[PDB]
Amino acid sequence: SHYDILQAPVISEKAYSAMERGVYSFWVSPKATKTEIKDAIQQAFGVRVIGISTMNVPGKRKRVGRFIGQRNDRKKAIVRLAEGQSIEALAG
Amino acid sequence: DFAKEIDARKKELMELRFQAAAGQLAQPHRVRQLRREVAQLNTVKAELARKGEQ
RNA sequence: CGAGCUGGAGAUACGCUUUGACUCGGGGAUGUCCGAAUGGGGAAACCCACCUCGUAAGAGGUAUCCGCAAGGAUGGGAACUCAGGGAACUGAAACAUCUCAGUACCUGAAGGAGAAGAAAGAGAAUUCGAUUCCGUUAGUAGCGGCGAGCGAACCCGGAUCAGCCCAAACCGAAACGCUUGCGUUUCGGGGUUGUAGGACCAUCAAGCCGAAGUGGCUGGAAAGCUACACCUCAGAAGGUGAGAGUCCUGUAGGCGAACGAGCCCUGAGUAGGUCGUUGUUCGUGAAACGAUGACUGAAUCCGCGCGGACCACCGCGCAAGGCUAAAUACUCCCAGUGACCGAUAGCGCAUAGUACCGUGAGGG
RNA sequence: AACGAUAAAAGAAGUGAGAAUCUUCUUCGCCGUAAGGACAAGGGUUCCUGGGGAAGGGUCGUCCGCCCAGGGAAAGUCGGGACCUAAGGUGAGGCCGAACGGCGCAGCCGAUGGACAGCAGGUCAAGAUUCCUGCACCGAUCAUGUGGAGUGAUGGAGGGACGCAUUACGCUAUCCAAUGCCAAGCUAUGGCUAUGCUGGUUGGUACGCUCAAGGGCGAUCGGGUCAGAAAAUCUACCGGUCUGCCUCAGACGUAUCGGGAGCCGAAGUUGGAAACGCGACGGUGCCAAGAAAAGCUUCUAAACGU
Ligand SMILES: [Mg+2]
Ligand SMILES: [Mg+2]
Ligand SMILES: [Mg+2]
Ligand SMILES: [Mg+2]
Ligand SMILES: [Mg+2]
Ligand SMILES: [Mg+2]
Ligand SMILES: [Mg+2]
Ligand SMILES: [Mg+2]
Ligand SMILES: [Mg+2]
Ligand SMILES: [Mg+2]
Ligand SMILES: [Mg+2]
Ligand SMILES: [Mg+2]
Ligand SMILES: [Mg+2]
Ligand SMILES: [Mg+2]
Ligand SMILES: [Mg+2]
Ligand SMILES: [Mg+2]
Ligand SMILES: [Mg+2]
Ligand SMILES: [Mg+2]
Ligand SMILES: [Mg+2]
Ligand SMILES: [Mg+2]
Ligand SMILES: [Mg+2]
Ligand SMILES: [Mg+2]
Ligand SMILES: [Mg+2]
Ligand SMILES: [Mg+2]
Ligand SMILES: [Mg+2]
Ligand SMILES: [Mg+2]
Ligand SMILES: [Mg+2]
Ligand SMILES: [Mg+2]
Ligand SMILES: [Mg+2]
Ligand SMILES: [Mg+2]
Ligand SMILES: [Mg+2]
Ligand SMILES: [Mg+2]
Ligand SMILES: [Mg+2]
Ligand SMILES: [Mg+2]
Ligand SMILES: [Mg+2]
Ligand SMILES: [Mg+2]
Ligand SMILES: [Mg+2]
Ligand SMILES: [Mg+2]
Ligand SMILES: [Mg+2]
Ligand SMILES: [Mg+2]
Ligand SMILES: [Mg+2]
Ligand SMILES: [Mg+2]
Ligand SMILES: [Mg+2]
Ligand SMILES: [Mg+2]
Ligand SMILES: [Mg+2]
Ligand SMILES: [Mg+2]
Ligand SMILES: [Mg+2]
Ligand SMILES: [Mg+2]
Ligand SMILES: [Mg+2]
Ligand SMILES: [Mg+2]
Ligand SMILES: [Mg+2]
Ligand SMILES: [Mg+2]
Ligand SMILES: [Mg+2]
Ligand SMILES: [Mg+2]
Ligand SMILES: [Mg+2]
Ligand SMILES: [Mg+2]
Ligand SMILES: [Mg+2]
Ligand SMILES: [Mg+2]
Ligand SMILES: [Mg+2]
Ligand SMILES: [Mg+2]
Ligand SMILES: [Mg+2]
Ligand code: NA
């Protein structure tokens with residue numbers, strides 16, 4: 001259910017500095033909405049969510065082998081928690 | 001209880017996916033094994049649907 | 001099946017497998033969104049809902065037309081079938097009739113085929129005996145600005161052959177219909193036609209088993225040369241460092257599974273007619289017959305239709321109800337084969353409806 | 001032949017195998033109702049970072065809108081949808097038609113229009129009414145309390161609801177002057193010793209017995225059935241009935257959050273100009289006579305209570 005809505009954490013120098021603000025950034029399945037994405041984050045990590053934002057992101061159009069390539073297509077979501085700002089501590 | 005048996009493999013597949021996005025995915029096979037165990041665990045449910053109820 | 005496997009993928013890490021993996025044959029179960037699309041909307045694959053399940057996450061339903069209801073339909077198919085429509089270049093050495101041709105094209109319906117089919121026929125022997133297909137008749141008979149040109153059928157020989165049931169005269173109803181044992185449509189029995197009948201009265205599958213050769217020589221390499229052998233129901237073929245009957249896969253032959261596919265009546269707004277037309281060889285011709293668009297409109301078995309205006313005689317047949325396998329066509333798909341190609345050939349493609357061109361249809 | 005406008009370029013310094021062409025510095029020339037800036041269509045990663053140098057670049061190339069990889073894109077309040085309607089498109093029933101199809105009321109779709117709640121700043125290498133800080137507003141559900149009863153529809157009414165030209169008053173944006181204020185230093189060339197030169201010289205919000213042009217409005221008691229389907233305490237008709245209220249554009253003050261030249265934070269004055277923007281749906285004239293629907297305000301019908 002909730003486990004496989006969440007995709008994989010963003011790994012970005014910008015996203016990791018936000019890690020220090022209590023802000024957490026990770027990709028999700030694009031067809032999901034904010035309401036379910038929030039209850040997914042907080043069913044999974046046990047923490048109140050007070051701020052969501054989301055954004056569809058096109059797949060880059062890479063080309064291998066001189067066969068023109070395609071997109072990939074994602075939906076990064078950024079989330080701010082309550083003052084109980086822990087996750088799994090797994091930040092680095 | 002079978003939903004309980006399923007979501008444990010789901011959560012391990014999620015945290016393992018996170019690890020794959022980071023710097024450590026040293027046993028890729030544990031991925032598809034877990035996915036196997038989900039499919040099996042659902043396929044067995046199908047066999048208790050038609051069985052009994054007819 | 002019996003050691004490999006982890007798609008092409010050729011690149012590692014990771015594993016899985018003799019409690020049988022992988023691969024092959026056969027079933028199940030999952031099956032996002034669009035698309036007949038069908039909950040409502042929509043610029044396909046995206047927006048927006050409602051109702052019961054209801055703990056949630058998730059599931060199930062919500063189009064229309066047929067029908068009480070089950071249950072059915074809608075869409076999609078390379079060509080093939082039938083149907084509703086229906087060209088023109090062209091030929092006629094110009095062009096109107098005519099041809100091209102009921103060809104192309106469009107549209108509808110259906111299937112593995114389809115159509116057609118069981119004589120009011122063909123036809124001239126008082127012969128024949130449903131339909132379709134092939135041969136021949138025969139380019140004959142005919143049609144035709146009697147020009148260009150178009151062009152049958154019967155007999156006969158073959159492929160395959162099967163014939164079948166309803167309506168109605170009369171029984172018995174029931175319901176309704178009216179002056180009193182009747183007649184409009186349902187349901188049974190009965191009854192289905194021309195030598196007139198009938199009523200009422202006396203094997204293919206996945207696969208498994210499968211014979212026979214060694215030494216020297218040339219050579220990078222043996223399958224070639226050579227010398228001695230051997231099998232043969234098996235010398236079809238492909239692979240193997242170059243040309244292999246006896247090295248491999250195979251071949252002739254043999255076996256081969258749980259589930260697997262497969263032969264008093266006999267039809268009326270009709271038959272018939274006048275007007276317009278048309279189909280078969282049928283172009284208004286002496287033009288019958290079938291066919292409907294308009295208006296009319298019969299007869300019963302001593303009766304009805306036809307036999308190419310029409311009449312008499314003589315013959316053939318029973319219309320206005322339905323179903324019907326097989327011989328026929330085609331080739332998206334599979335197998336085999338080839339005095340077919342072998343890289344400007346062969347399909348457009350040794351793969352691509354791609355790149356590329358176009359607003360598009362479309363081309364490529 | 002050409003190398004795509006006759007808007008010039010020069011030197012120094014750097015990087016590199018390599019430099020007229022890449023980077024830096026200092027000058028020069030060109031646009032400036034543009035050749036600057038912000039959007040819509042359309043394009044689709046062209047954006048930023050780090051690398052590269054085949055080809056693409058009309059030369060070169062260490063560079064690029066080219067190639068490789070990694071990041072970047074945040075909304076209750078902006079634009080669209082979950083609201084409305086226009087032309088147009090659809091369209092159960094319905095009207096037609098050899099077939100396919102052609103029309104068509106209601107209804108539905110359809111923005112180029114209507115309705116609708118946020119402003120100031122900060123700032124990644126790359127996002128900003130979106131993230132952050134300050135401080136607001138809007139709908140919905142619930143709770144506490146006041147209130148302690150009427151709510152008041154797929155239906156009625158009002159209203160939304162609209163032309164063109166011209167133009168009175170007031171104002172802001174915004175622009176100018178100065179021996180106003182504030183900050184910084186210097187000066188030479190012949191002079192000025194600052195009365196010179198240079199630069200900056202306020203944004204949002206909250207509260208005012210503050211100043212203020214302009215703009216909106218009449219208002220109830222009752223009669224009639226024949227009007228709005230019936231209803232109606234709301235509208236429309238008709239009859240009786242007596243300058244003043246509201247609004248702040250904007251300015252001013254106080255406070256506060258910001259910003260501010262600059263070496264953390266100074267000043268925030270007086271005088272003048274001025275919009276097509278705002279007050280506003282103002283005034284006047286004219287003929288060619290200037291959308292609809294929802295939201296919104298008001299009434300009962302049914303139902304639910306009191
Ligand atoms: Mg937010
Ligand atoms: Mg095997
Ligand atoms: Mg391989
Ligand atoms: Mg739909
Ligand atoms: Mg549908
Ligand atoms: Mg359905
Ligand atoms: Mg002609
Ligand atoms: Mg001719
Ligand atoms: Mg002609
Ligand atoms: Mg054809
Ligand atoms: Mg067709
Ligand atoms: Mg069809
Ligand atoms: Mg014969
Ligand atoms: Mg051989
Ligand atoms: Mg030999
Ligand atoms: Mg008969
Ligand atoms: Mg007739
Ligand atoms: Mg005639
Ligand atoms: Mg003639
Ligand atoms: Mg006759
Ligand atoms: Mg006739
Ligand atoms: Mg005769
Ligand atoms: Mg050849
Ligand atoms: Mg070729
Ligand atoms: Mg060639
Ligand atoms: Mg082609
Ligand atoms: Mg194009
Ligand atoms: Mg194109
Ligand atoms: Mg030139
Ligand atoms: Mg230079
Ligand atoms: Mg050097
Ligand atoms: Mg060089
Ligand atoms: Mg130059
Ligand atoms: Mg440059
Ligand atoms: Mg320097
Ligand atoms: Mg510009
Ligand atoms: Mg765009
Ligand atoms: Mg974009
Ligand atoms: Mg750039
Ligand atoms: Mg850069
Ligand atoms: Mg770069
Ligand atoms: Mg180069
Ligand atoms: Mg290269
Ligand atoms: Mg070059
Ligand atoms: Mg958003
Ligand atoms: Mg906010
Ligand atoms: Mg809006
Ligand atoms: Mg609408
Ligand atoms: Mg209309
Ligand atoms: Mg229409
Ligand atoms: Mg608009
Ligand atoms: Mg708004
Ligand atoms: Mg910065
Ligand atoms: Mg930018
Ligand atoms: Mg901002
Ligand atoms: Mg003025
Ligand atoms: Mg002065
Ligand atoms: Mg000054
Ligand atoms: Mg009231
Ligand atoms: Mg002041
Ligand atoms: Mg409406
Ligand atoms: Na001096």
# chains A, B, ... in the order shown; residues from 1 in each chain; ligands from 1

$ interface_residues --of "chain A" --to "chain D" --cutoff "12 Å" --atoms "only C-alpha atoms (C1' of nucleotides)" --output "CSV table (one decimal) with C-alpha atoms, in the first residue's frame"
chain,number,residue,atom,x,y,z
A,10,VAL,CA,16.1,12.3,-3.7
A,11,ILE,CA,19.8,12.4,-3.5
A,12,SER,CA,20.8,16.0,-4.2
A,13,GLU,CA,23.1,18.4,-2.5
A,14,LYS,CA,20.2,20.8,-2.4
A,15,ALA,CA,17.9,18.1,-1.1
A,17,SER,CA,20.9,20.7,2.9
A,18,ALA,CA,17.1,20.7,3.3
A,21,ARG,CA,16.0,22.0,8.0
A,23,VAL,CA,12.7,19.1,5.2
A,25,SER,CA,12.6,15.2,-0.3
A,51,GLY,CA,3.6,20.9,4.9
A,52,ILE,CA,3.4,19.2,1.5
A,53,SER,CA,4.4,20.3,-2.0
A,54,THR,CA,4.6,18.2,-5.1
A,55,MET,CA,5.7,18.6,-8.8
A,56,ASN,CA,5.5,16.5,-11.9
A,57,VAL,CA,8.9,16.2,-13.6
A,58,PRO,CA,9.4,15.0,-17.2
A,59,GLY,CA,11.7,12.2,-18.1
A,60,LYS,CA,14.9,13.5,-19.7
A,61,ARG,CA,15.3,12.4,-23.3
A,62,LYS,CA,18.6,10.6,-23.3
A,63,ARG,CA,19.9,8.7,-26.4
A,64,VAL,CA,22.0,5.5,-26.3
A,71,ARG,CA,11.7,10.0,-21.2
A,74,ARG,CA,8.8,11.2,-12.1
A,75,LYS,CA,7.1,13.3,-9.4
A,76,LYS,CA,9.3,14.6,-6.6
A,77,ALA,CA,7.5,15.6,-3.4
A,78,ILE,CA,9.0,17.8,-0.7
A,79,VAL,CA,7.6,17.6,2.9
A,80,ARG,CA,8.1,19.5,6.1

$ interface_residues --of "chain C" --to "chain B" --cutoff "7 Å" --atoms "only C-alpha atoms (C1' of nucleotides)" --output "list in words"
residues 14, 15 and 29 of chain C

$ write_last_selection --atoms "C-alpha atoms (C1' of nucleotides)" --output "PDB file, in the first residue's frame"
ATOM      1  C1'   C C  14      24.125 -11.046  -7.833  1.00  0.00           C
ATOM      2  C1'   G C  15      22.235 -15.542  -7.569  1.00  0.00           C
ATOM      3  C1'   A C  29      -4.275 -16.925 -11.715  1.00  0.00           C
TER       4        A C  29
END

$ interface_residues --of "chain A" --to "chain C" --cutoff "12 Å" --atoms "only C-alpha atoms (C1' of nucleotides)" --output "list in words"
residues 1, 2, 3, 31, 36, 39, 40, 43, 66, 67 and 68 of chain A

$ write_last_selection --atoms "N, CA and C atoms" --output "JSON list (two decimals), in the first residue's frame"
[["chain", "number", "residue", "atom", "x", "y", "z"],
["A", 1, "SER", "N", 0.81, -1.22, 0.00],
["A", 1, "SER", "CA", 0.00, 0.00, 0.00],
["A", 1, "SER", "C", 0.84, 1.27, 0.00],
["A", 2, "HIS", "N", 1.00, 1.80, 1.20],
["A", 2, "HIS", "CA", 1.81, 3.00, 1.41],
["A", 2, "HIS", "C", 3.29, 2.78, 1.11],
["A", 3, "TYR", "N", 3.82, 1.58, 1.34],
["A", 3, "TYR", "CA", 5.26, 1.38, 1.17],
["A", 3, "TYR", "C", 5.68, 1.61, -0.28],
["A", 31, "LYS", "N", 1.20, 9.22, -10.35],
["A", 31, "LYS", "CA", -0.25, 9.29, -10.35],
["A", 31, "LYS", "C", -0.84, 9.42, -8.95],
["A", 36, "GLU", "N", -2.88, 11.19, 0.00],
["A", 36, "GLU", "CA", -2.34, 9.86, 0.21],
["A", 36, "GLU", "C", -0.82, 9.87, 0.34],
["A", 39, "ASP", "N", -0.32, 10.77, 4.09],
["A", 39, "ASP", "CA", -0.58, 9.72, 5.05],
["A", 39, "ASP", "C", 0.38, 8.55, 4.84],
["A", 40, "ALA", "N", 0.95, 8.41, 3.64],
["A", 40, "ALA", "CA", 1.97, 7.40, 3.41],
["A", 40, "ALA", "C", 3.26, 7.74, 4.13],
["A", 43, "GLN", "N", 2.34, 7.27, 7.96],
["A", 43, "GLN", "CA", 2.19, 5.86, 8.32],
["A", 43, "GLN", "C", 3.54, 5.17, 8.35],
["A", 66, "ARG", "N", 22.86, 5.58, -30.60],
["A", 66, "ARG", "CA", 22.26, 6.19, -31.79],
["A", 66, "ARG", "C", 20.90, 5.56, -32.16],
["A", 67, "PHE", "N", 20.17, 5.09, -31.13],
["A", 67, "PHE", "CA", 18.72, 4.94, -31.14],
["A", 67, "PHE", "C", 18.15, 6.04, -30.26],
["A", 68, "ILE", "N", 17.37, 6.96, -30.82],
["A", 68, "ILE", "CA", 16.89, 8.06, -29.99],
["A", 68, "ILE", "C", 16.04, 7.52, -28.86]]

$ residues_near_ligand --ligand "ligand 15" --cutoff "9 Å" --atoms "only C-alpha atoms (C1' of nucleotides) and all ligand atoms" --output "list in words"
residues 213, 223, 244 and 246 of chain C

$ write_last_selection --atoms "N, CA, C and O atoms (P, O5', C5', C4', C3', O3' and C1' of nucleotides)" --output "PDB file, in the first residue's frame"
ATOM      1  P     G C 213      32.274 -49.438 -35.879  1.00  0.00           P
ATOM      2  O5'   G C 213      32.632 -48.012 -36.495  1.00  0.00           O
ATOM      3  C5'   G C 213      33.240 -47.912 -37.777  1.00  0.00           C
ATOM      4  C4'   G C 213      34.738 -47.896 -37.664  1.00  0.00           C
ATOM      5  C3'   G C 213      35.326 -46.586 -37.144  1.00  0.00           C
ATOM      6  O3'   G C 213      36.507 -46.868 -36.392  1.00  0.00           O
ATOM      7  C1'   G C 213      36.209 -47.051 -39.262  1.00  0.00           C
ATOM      8  P     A C 223      38.494 -36.723 -41.023  1.00  0.00           P
ATOM      9  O5'   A C 223      38.348 -36.993 -42.604  1.00  0.00           O
ATOM     10  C5'   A C 223      37.313 -37.820 -43.143  1.00  0.00           C
ATOM     11  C4'   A C 223      36.463 -37.117 -44.189  1.00  0.00           C
ATOM     12  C3'   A C 223      37.223 -36.347 -45.262  1.00  0.00           C
ATOM     13  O3'   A C 223      36.452 -36.314 -46.467  1.00  0.00           O
ATOM     14  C1'   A C 223      35.847 -34.864 -44.057  1.00  0.00           C
ATOM     15  P     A C 244      31.009 -33.780 -47.457  1.00  0.00           P
ATOM     16  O5'   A C 244      31.270 -35.100 -46.615  1.00  0.00           O
ATOM     17  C5'   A C 244      32.338 -35.985 -46.947  1.00  0.00           C
ATOM     18  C4'   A C 244      32.351 -37.180 -46.032  1.00  0.00           C
ATOM     19  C3'   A C 244      30.980 -37.537 -45.405  1.00  0.00           C
ATOM     20  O3'   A C 244      30.850 -38.961 -45.236  1.00  0.00           O
ATOM     21  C1'   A C 244      32.565 -37.354 -43.751  1.00  0.00           C
ATOM     22  P     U C 246      28.682 -40.389 -41.589  1.00  0.00           P
ATOM     23  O5'   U C 246      29.207 -41.749 -40.939  1.00  0.00           O
ATOM     24  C5'   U C 246      28.492 -42.357 -39.870  1.00  0.00           C
ATOM     25  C4'   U C 246      29.159 -43.611 -39.353  1.00  0.00           C
ATOM     26  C3'   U C 246      30.613 -43.503 -38.939  1.00  0.00           C
ATOM     27  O3'   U C 246      30.793 -42.878 -37.682  1.00  0.00           O
ATOM     28  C1'   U C 246      30.290 -45.487 -40.176  1.00  0.00           C
TER      29        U C 246
END

$ residues_near_ligand --ligand "ligand 12" --cutoff "10 Å" --atoms "only C-alpha atoms (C1' of nucleotides) and all ligand atoms" --output "ChimeraX atom specification"
/C:75-77,108-110

$ interface_residues --of "chain A" --to "chain B" --cutoff "7 Å" --atoms "only C-alpha atoms" --output "JSON, numbers by chain"
{"A": [3, 4, 8, 9]}

$ write_last_selection --atoms "N, CA, C and O atoms" --output "short mmCIF file (atom, residue, chain, number, x, y, z; two decimals), in the first residue's frame"
data_model
loop_
_atom_site.label_atom_id
_atom_site.label_comp_id
_atom_site.auth_asym_id
_atom_site.auth_seq_id
_atom_site.Cartn_x
_atom_site.Cartn_y
_atom_site.Cartn_z
N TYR A 3 3.82 1.58 1.34
CA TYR A 3 5.26 1.38 1.17
C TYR A 3 5.68 1.61 -0.28
O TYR A 3 6.67 2.31 -0.55
N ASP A 4 4.93 1.06 -1.23
CA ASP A 4 5.30 1.13 -2.64
C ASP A 4 4.72 2.35 -3.37
O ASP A 4 4.85 2.43 -4.59
N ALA A 8 11.87 6.50 -3.93
CA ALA A 8 13.26 6.46 -3.51
C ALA A 8 13.66 7.88 -3.13
O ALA A 8 13.25 8.83 -3.80
N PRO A 9 14.45 8.08 -2.07
CA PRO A 9 14.76 9.45 -1.66
C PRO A 9 15.53 10.20 -2.73
O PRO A 9 16.34 9.62 -3.46
#

$ closest_residue --among "C:199, C:212, C:120, C:341" --to "ligand 16" --atoms "only C-alpha atoms (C1' of nucleotides) and all ligand atoms"
C:120

$ closest_residue --among "C:88, C:30, C:139, C:360" --to "residue 40 in chain B" --atoms "only C-alpha atoms (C1' of nucleotides)"
C:30

$ residues_near_ligand --ligand "ligand 29" --cutoff "10 Å" --atoms "only C-alpha atoms (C1' of nucleotides) and all ligand atoms" --output "JSON, numbers by chain"
{"D": [2, 3, 4, 5]}

$ write_last_selection --atoms "N, CA, C and O atoms (P, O5', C5', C4', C3', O3' and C1' of nucleotides)" --output "PDB file, in the first residue's frame"
ATOM      1  P     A D   2      32.844  37.442 -54.168  1.00  0.00           P
ATOM      2  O5'   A D   2      31.418  36.851 -53.728  1.00  0.00           O
ATOM      3  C5'   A D   2      30.917  37.044 -52.414  1.00  0.00           C
ATOM      4  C4'   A D   2      30.367  35.773 -51.804  1.00  0.00           C
ATOM      5  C3'   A D   2      30.652  35.591 -50.329  1.00  0.00           C
ATOM      6  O3'   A D   2      29.714  36.284 -49.555  1.00  0.00           O
ATOM      7  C1'   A D   2      31.087  33.590 -51.457  1.00  0.00           C
ATOM      8  P     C D   3      30.246  37.398 -48.566  1.00  0.00           P
ATOM      9  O5'   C D   3      30.508  36.578 -47.214  1.00  0.00           O
ATOM     10  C5'   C D   3      29.498  35.708 -46.711  1.00  0.00           C
ATOM     11  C4'   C D   3      30.056  34.673 -45.782  1.00  0.00           C
ATOM     12  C3'   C D   3      31.045  35.192 -44.772  1.00  0.00           C
ATOM     13  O3'   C D   3      30.423  35.742 -43.619  1.00  0.00           O
ATOM     14  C1'   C D   3      31.930  33.290 -45.823  1.00  0.00           C
ATOM     15  P     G D   4      29.962  37.284 -43.547  1.00  0.00           P
ATOM     16  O5'   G D   4      28.412  37.159 -43.925  1.00  0.00           O
ATOM     17  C5'   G D   4      27.783  38.043 -44.841  1.00  0.00           C
ATOM     18  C4'   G D   4      26.290  38.021 -44.650  1.00  0.00           C
ATOM     19  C3'   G D   4      25.833  37.961 -43.206  1.00  0.00           C
ATOM     20  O3'   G D   4      25.900  39.227 -42.569  1.00  0.00           O
ATOM     21  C1'   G D   4      24.556  36.447 -44.541  1.00  0.00           C
ATOM     22  P     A D   5      26.057  39.337 -40.974  1.00  0.00           P
ATOM     23  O5'   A D   5      26.226  40.884 -40.760  1.00  0.00           O
ATOM     24  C5'   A D   5      25.117  41.728 -41.037  1.00  0.00           C
ATOM     25  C4'   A D   5      25.260  42.386 -42.382  1.00  0.00           C
ATOM     26  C3'   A D   5      25.921  43.732 -42.315  1.00  0.00           C
ATOM     27  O3'   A D   5      26.512  43.971 -43.588  1.00  0.00           O
ATOM     28  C1'   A D   5      23.748  44.012 -43.082  1.00  0.00           C
TER      29        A D   5
END

$ select_by_dssp --residues "chain A" --states "strand (DSSP E or B)" --output "ChimeraX atom specification"
/A:6-9,23-28,49-57,64,67,74-81

$ residues_near_ligand --ligand "ligand 44" --cutoff "8 Å" --atoms "only C-alpha atoms (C1' of nucleotides) and all ligand atoms" --output "list in words"
residues 57, 59, 60 and 61 of chain D

$ residues_near_ligand --ligand "ligand 6" --cutoff "9 Å" --atoms "only C-alpha atoms (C1' of nucleotides) and all ligand atoms" --output "NGL selection string"
:C and (37-39 or 61-63)

$ closest_atom_pairs --of "chain C" --to "ligand 25" --cutoff "12 Å" --atoms "only C-alpha atoms (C1' of nucleotides) and all ligand atoms" --output "JSON lines"
{"residue": "C:343", "atom": "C1'", "partner": "ligand 25", "partner_atom_place_in_ligand_line": "1 (Mg)", "distance": 6.8}
{"residue": "C:344", "atom": "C1'", "partner": "ligand 25", "partner_atom_place_in_ligand_line": "1 (Mg)", "distance": 6.2}
{"residue": "C:345", "atom": "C1'", "partner": "ligand 25", "partner_atom_place_in_ligand_line": "1 (Mg)", "distance": 11.4}

$ write_last_selection --atoms "N, CA and C atoms (P, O5', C5', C4', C3', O3' and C1' of nucleotides)" --output "PDB file, in the first residue's frame"
ATOM      1  P     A C 343      23.574 -10.282 -55.206  1.00  0.00           P
ATOM      2  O5'   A C 343      22.476  -9.422 -54.433  1.00  0.00           O
ATOM      3  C5'   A C 343      21.802  -8.324 -55.037  1.00  0.00           C
ATOM      4  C4'   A C 343      21.866  -7.114 -54.142  1.00  0.00           C
ATOM      5  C3'   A C 343      23.258  -6.523 -54.016  1.00  0.00           C
ATOM      6  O3'   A C 343      23.116  -5.132 -53.707  1.00  0.00           O
ATOM      7  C1'   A C 343      22.567  -7.312 -51.906  1.00  0.00           C
ATOM      8  P     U C 344      23.022  -4.008 -54.859  1.00  0.00           P
ATOM      9  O5'   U C 344      21.574  -4.215 -55.501  1.00  0.00           O
ATOM     10  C5'   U C 344      20.426  -3.512 -55.031  1.00  0.00           C
ATOM     11  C4'   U C 344      19.787  -2.654 -56.112  1.00  0.00           C
ATOM     12  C3'   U C 344      19.206  -3.372 -57.332  1.00  0.00           C
ATOM     13  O3'   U C 344      17.935  -2.806 -57.643  1.00  0.00           O
ATOM     14  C1'   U C 344      20.742  -1.688 -58.031  1.00  0.00           C
ATOM     15  P     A C 345      16.646  -3.752 -57.794  1.00  0.00           P
ATOM     16  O5'   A C 345      17.271  -5.171 -58.170  1.00  0.00           O
ATOM     17  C5'   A C 345      16.859  -5.890 -59.339  1.00  0.00           C
ATOM     18  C4'   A C 345      16.910  -7.403 -59.172  1.00  0.00           C
ATOM     19  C3'   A C 345      15.742  -8.048 -58.436  1.00  0.00           C
ATOM     20  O3'   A C 345      14.642  -8.314 -59.282  1.00  0.00           O
ATOM     21  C1'   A C 345      17.791  -8.908 -57.603  1.00  0.00           C
TER      22        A C 345
END

$ atom_distance --atom1 "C1' of residue 128 in chain D" --atom2 "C1' of residue 76 in chain D"
17.3 Å

$ residues_near_ligand --ligand "ligand 31" --cutoff "12 Å" --atoms "only C-alpha atoms (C1' of nucleotides) and all ligand atoms" --output "PyMOL selection string"
chain D and resi 14-19

$ residues_near_ligand --ligand "ligand 59" --cutoff "8 Å" --atoms "only C-alpha atoms (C1' of nucleotides) and all ligand atoms" --output "PyMOL selection string"
chain D and resi 152+233+299

$ write_last_selection --atoms "N, CA and C atoms (P, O5', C5', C4', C3', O3' and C1' of nucleotides)" --output "PDB file, in the first residue's frame"
ATOM      1  P     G D 152     -31.293  30.230   5.120  1.00  0.00           P
ATOM      2  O5'   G D 152     -31.419  29.438   3.746  1.00  0.00           O
ATOM      3  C5'   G D 152     -32.312  29.871   2.731  1.00  0.00           C
ATOM      4  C4'   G D 152     -33.605  29.091   2.755  1.00  0.00           C
ATOM      5  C3'   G D 152     -34.634  29.486   1.700  1.00  0.00           C
ATOM      6  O3'   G D 152     -34.463  28.780   0.476  1.00  0.00           O
ATOM      7  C1'   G D 152     -35.655  29.426   3.849  1.00  0.00           C
ATOM      8  P     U D 233     -47.097  38.786   0.929  1.00  0.00           P
ATOM      9  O5'   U D 233     -46.803  39.467   2.335  1.00  0.00           O
ATOM     10  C5'   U D 233     -46.196  40.750   2.404  1.00  0.00           C
ATOM     11  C4'   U D 233     -44.867  40.708   3.119  1.00  0.00           C
ATOM     12  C3'   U D 233     -43.677  40.213   2.292  1.00  0.00           C
ATOM     13  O3'   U D 233     -42.521  40.985   2.615  1.00  0.00           O
ATOM     14  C1'   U D 233     -43.894  38.902   4.249  1.00  0.00           C
ATOM     15  P     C D 299     -37.076  38.180   2.318  1.00  0.00           P
ATOM     16  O5'   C D 299     -38.185  37.705   1.277  1.00  0.00           O
ATOM     17  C5'   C D 299     -39.310  36.962   1.721  1.00  0.00           C
ATOM     18  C4'   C D 299     -40.120  36.415   0.574  1.00  0.00           C
ATOM     19  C3'   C D 299     -40.620  34.995   0.764  1.00  0.00           C
ATOM     20  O3'   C D 299     -41.792  34.925   1.539  1.00  0.00           O
ATOM     21  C1'   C D 299     -39.621  35.180  -1.355  1.00  0.00           C
TER      22        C D 299
END

$ residues_near_ligand --ligand "ligand 18" --cutoff "12 Å" --atoms "only C-alpha atoms (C1' of nucleotides) and all ligand atoms" --output "ChimeraX atom specification"
/C:273-278,284,287-292

$ residues_around --residues "range 110-116 of chain D" --least-positions-apart "2" --cutoff "12 Å" --atoms "only C-alpha atoms (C1' of nucleotides)" --output "PyMOL selection string"
(chain C and resi 41-43) or (chain D and resi 77+80+83-90+108+138-139+160-162+291-296)
